[PDB]
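Asks: structure of the sequence below:
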Amino acid sequence: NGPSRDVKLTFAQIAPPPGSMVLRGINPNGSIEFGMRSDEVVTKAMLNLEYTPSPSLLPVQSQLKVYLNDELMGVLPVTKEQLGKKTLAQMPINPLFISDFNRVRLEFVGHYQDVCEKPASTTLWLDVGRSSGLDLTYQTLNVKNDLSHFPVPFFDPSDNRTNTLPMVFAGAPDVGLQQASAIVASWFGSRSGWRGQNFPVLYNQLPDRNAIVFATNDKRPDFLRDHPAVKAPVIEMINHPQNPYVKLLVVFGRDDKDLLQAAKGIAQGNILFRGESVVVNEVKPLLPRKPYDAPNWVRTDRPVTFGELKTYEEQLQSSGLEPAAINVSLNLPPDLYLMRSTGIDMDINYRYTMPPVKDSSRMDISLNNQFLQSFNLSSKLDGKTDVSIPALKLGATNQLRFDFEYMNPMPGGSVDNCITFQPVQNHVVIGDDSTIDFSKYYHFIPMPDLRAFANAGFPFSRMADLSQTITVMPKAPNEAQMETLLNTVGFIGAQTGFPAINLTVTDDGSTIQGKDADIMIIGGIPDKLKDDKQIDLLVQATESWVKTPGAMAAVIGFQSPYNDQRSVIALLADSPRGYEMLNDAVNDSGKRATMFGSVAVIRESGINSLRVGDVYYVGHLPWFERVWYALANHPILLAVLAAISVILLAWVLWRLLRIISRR
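Replies: Numbering: from 1, shown residues only. Please find the structure below.
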């Protein structure tokens, strides 16, 4: 037996509630995409359809095929009495061909006239209902308990849903255990990517999921008893003592240092986990990380050529009668200075198939579903394309999708004589020689803002490995403080492409005096003031603490009075219920992006965002070129400065004239 999940997914083709997709004679293919977890087995597959055929098609000579993976298992011909009203459709699918990946697509073949039919006509059309999709039930399988498939039993990069793995601790962690948990949590985030993370911690209890257990040979979580003492950090894959269906991950050691060493090995040496009970003895770094070298972010040392931006094999080309929209996902750091009116040029060298005659076909480059510019598609077949695309996103993932719109050439040809021909298809490819320029750009941005932090985590992800980062926690943190820390570092790890293994966590504010690093505030300050006046009072309340040493959830960020070059970030609450709603506010991207300014108070109903305090700037741009931007805004003042220089020239000329006369 075992637990089973009954998932329900609709057609992969876009179908907004305003209007569902229609299978016409020009595009009769509708594909459904799903993936397996490499651990579940399909027990019962069911497919439901609600189709309404037009009454202008022959019943017998019109059918639709159902494909699971390049094969058919049944057809559903339309009867004479079915052409008018809607009817349900039940089609079982044999669960034998579902190994790891399937493309369930349906094709429509129909006929409306015998002696002469016109392809891609309007009189024939098919549409499906809203509730039309596969109904397959998964089933948990007994894994062979092998550690070589890391991290497949914990996180398989094949699901479209967010993961949720708890991290049970030994109870009341200390200064030497929090940092190791952050390192492991961050490495999951660097692998989670856009799927999202959720890390609910526990204490002295074991859940019914694939959790992770931490032990230091002392104060074991009341189920690791009778285990002999270990002389080395041992990582096992023991199962749940009550049911052998979930897989845990215990980490052993002798003290705080031992567990930290084991955690670093997991996040770095993931390619040599063999068998079971893998031990690590010596893992040390050799070289630091160059600034702004996150794998997800595009590098600026030399212009890239879409070589590492493919992240797929058959993405830069399309085929078939209707070519698909080729898209490229790119992320850029938010440090690119604005107010330059320059843009980013392109060097696209796409090649296509020669059309027969001048069909006036056009190709348009779209950006975030917005029309930008269209070109011609005739070469009497390779065309150089240079364009500076404005209006980027600067922090969020912005796509550069563009499609190839082709009209049917010679639809009927002759009207008096019936002509029938097979539909001809064509291919298209963009090429890997197209480059974009990021050679010499300067880093400059107003620092006291949370939009950059909420989109890319700039105030903390300056270094890929987080060489300088200071986090403070109250003594003996409860579930809330650990829960909000693990998600936050995972958010930083998710945006970047390298786990944070060099960060540190302290327990008091005495060690941060004079330190040149990234100060981060997590926990709770005295919260007693009324709801009316948190806009201004909280500004000095947190500042007074940094210098020396129906719930509320406020995130703030201001200048750190230690270096005048780094930003502090503070997360405050009053009740554990506040932490839970604060985490839910940042986990989802639906409303988290709607957060700008310094102070962002989280309320039960809505989010009130405002900007207060004195702003400042970050980065190191040439001071000589700074005046160029300042003089740009002041047009009248620039003329006055030139006039003053010209007026002073006359005084020098008068003195020169007197000197010339005396000469």
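
Asks: name the nearest residue to residue 585, sequence neighbours excluded.
Replies: residue 602 (5.3 Å; Cβ to Cβ, 6 or more residues apart in numbering). In short, each C-beta sits where N, CA and C put it, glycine included.

Asks: what's the separation between that neighbour and residue 202?
Replies: 24 Å (Cβ to Cβ, to the nearest Å).

Asks: neighbour count for these two, which is higher?
Replies: For residue 602 and residue 202, the more surrounded residue by other Cβ atoms under 10 Å is residue 602, and the numbers stand at 21 against 17.

Asks: bridging residues for that one?
Replies: Listed by DSSP bridges, the beta-bridge partners for residue 602 are residue 553, residue 607.

Asks: residue 219 - how many residues pack around it?
Replies: Count around residue 219 with other Cβ under 10 Å applied: 13.

Asks: ditto for residue 56
Replies: For residue 56, using other Cβ under 10 Å, the count is 14.

Asks: just checking, it touches residue 110?
Replies: No: in this structure residue 56 lies outside contact range of residue 110 using Cβ atoms under 8 Å: 9.8 Å.

Asks: shared neighbours, the two?
Replies: Here residue 56 and residue 110 have residue 124 as joint contacts, going by Cβ atoms under 8 Å, 6 or more residues apart in numbering.

Asks: so what's residue 263 closest to, chain neighbours aside?
Replies: Distance criterion Cβ to Cβ, 6+ apart; nearest residue to residue 263, sequence neighbours excluded, is residue 180 at 3.9 Å.

Asks: which SS class is that neighbour?
Replies: Put simply, residue 180 is helix when judged by DSSP: H, G, I helix; E, B strand; the rest coil.

Asks: that one: how many residues sit nearby?
Replies: Considering only other Cβ under 10 Å, residue 180 is surrounded by 27 other residues.

Asks: quick one: contacts for it?
Replies: Listed by Cβ under 8 Å, 6+ apart, the contact partners of residue 180 are 214, 259-260, 262-264.

Asks: what's the separation between the residue nearest to residue 585 and residue 574?
Replies: With the distance defined as Cβ to Cβ, residue 602 ends up 12 Å from residue 574.

Asks: what is in contact with these two at once?
Replies: Common neighbours of residue 602 and residue 574 (Cβ under 8 Å, 6+ apart) are residue 552.

Asks: now do the strands in the stretch 51-200 of the chain.
Replies: For the stretch 51-200 of the chain, the strands defined by DSSP state E, counting those that start in this stretch occupy 63-67, 72-75, 87-93, 101-109, 126-127, 134-137, 167-169.

Asks: so which of these gets nearest residue 270?
Replies: With Cβ to Cβ, the closest approach to residue 270 among the strands of the stretch 51-200 of the chain belongs to strand 167-169: 17.8 Å.

Asks: starting at the chain centroid, how far to that closest one?
Replies: On the basis of Cα atoms, centre = their mean, to the nearest Å, strand 167-169 sits 26 Å off its chain's mean C-alpha point.

Asks: again with stretch 217-231
Replies: Distance, stretch centre to chain centre, for stretch 217-231: 39 Å (Cα atoms, centre = their mean).

Asks: tell me where the protein has helices.
Replies: 178-192, 256-268, 451-455, 479-495, 534-547, 576-587, 623-633, 635-662 (DSSP state H).

Asks: just give me the residue closest to the centre of the protein.
Replies: residue 194 (3.1 Å; Cα atoms, centre = their mean).

Asks: go ahead and confirm that residue touches residue 397.
Replies: Yes: assessed by Cβ under 8 Å, residue 194 is found in contact with residue 397 at 7.5 Å.

Asks: so who does residue 565 touch?
Replies: Applying Cβ under 8 Å, 6+ apart, the residues contacting residue 565 are residue 618.

Asks: with neighbour count and distance to residue 458 added, can I get the contacts of residue 180 in TSV?
Replies: What follows is the contacts of residue 180, written out as TSV (neighbours: other Cβ atoms under 10 Å; distance: Cβ to Cβ, whole Å):
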residue	neighbour count	distance to residue 458
214	23	31
259	24	31
260	19	27
262	23	31
263	27	26
264	22	25
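
Asks: what about stretch 567-587, how long is it end to end?
Replies: Start-to-end span of stretch 567-587 (Cα to Cα, to the nearest Å) is 22 Å.

Asks: can you list the buried residues in that stretch?
Replies: Going by neighbour count (16 or more other Cβ atoms under 10 Å), the buried part of stretch 567-587 is 567-574, 578-583, 585-586.

Asks: pull out the buried residues from stretch 514-528.
Replies: Buried residues in stretch 514-528, counted by 16+ other Cβ under 10 Å: 517-525, 527.

Asks: same question for stretch 615-633.
Replies: residue 618.

Asks: show residues contacting that stretch.
Replies: 335, 337, 339, 442-448, 559, 564-565, 567, 637-638.

Asks: same thing but 6 Å
Replies: By Cβ atoms under 6 Å, 6 or more residues apart in numbering, the residues outside stretch 615-633 that reach it are 442-444, 446-448, 559, 638.

Asks: gap between the closest residue to residue 93 other than its chain neighbours and residue 332?
Replies: Among residues not flanking residue 93 along the chain, residue 45 sits closest, at 3.8 Å (Cβ to Cβ, 6+ apart). Residue 45 is 42 Å from residue 332, where distance means Cβ to Cβ.

Asks: one more: residue 597?
Replies: Separation of residue 597 from residue 332 (Cβ to Cβ): 22 Å.
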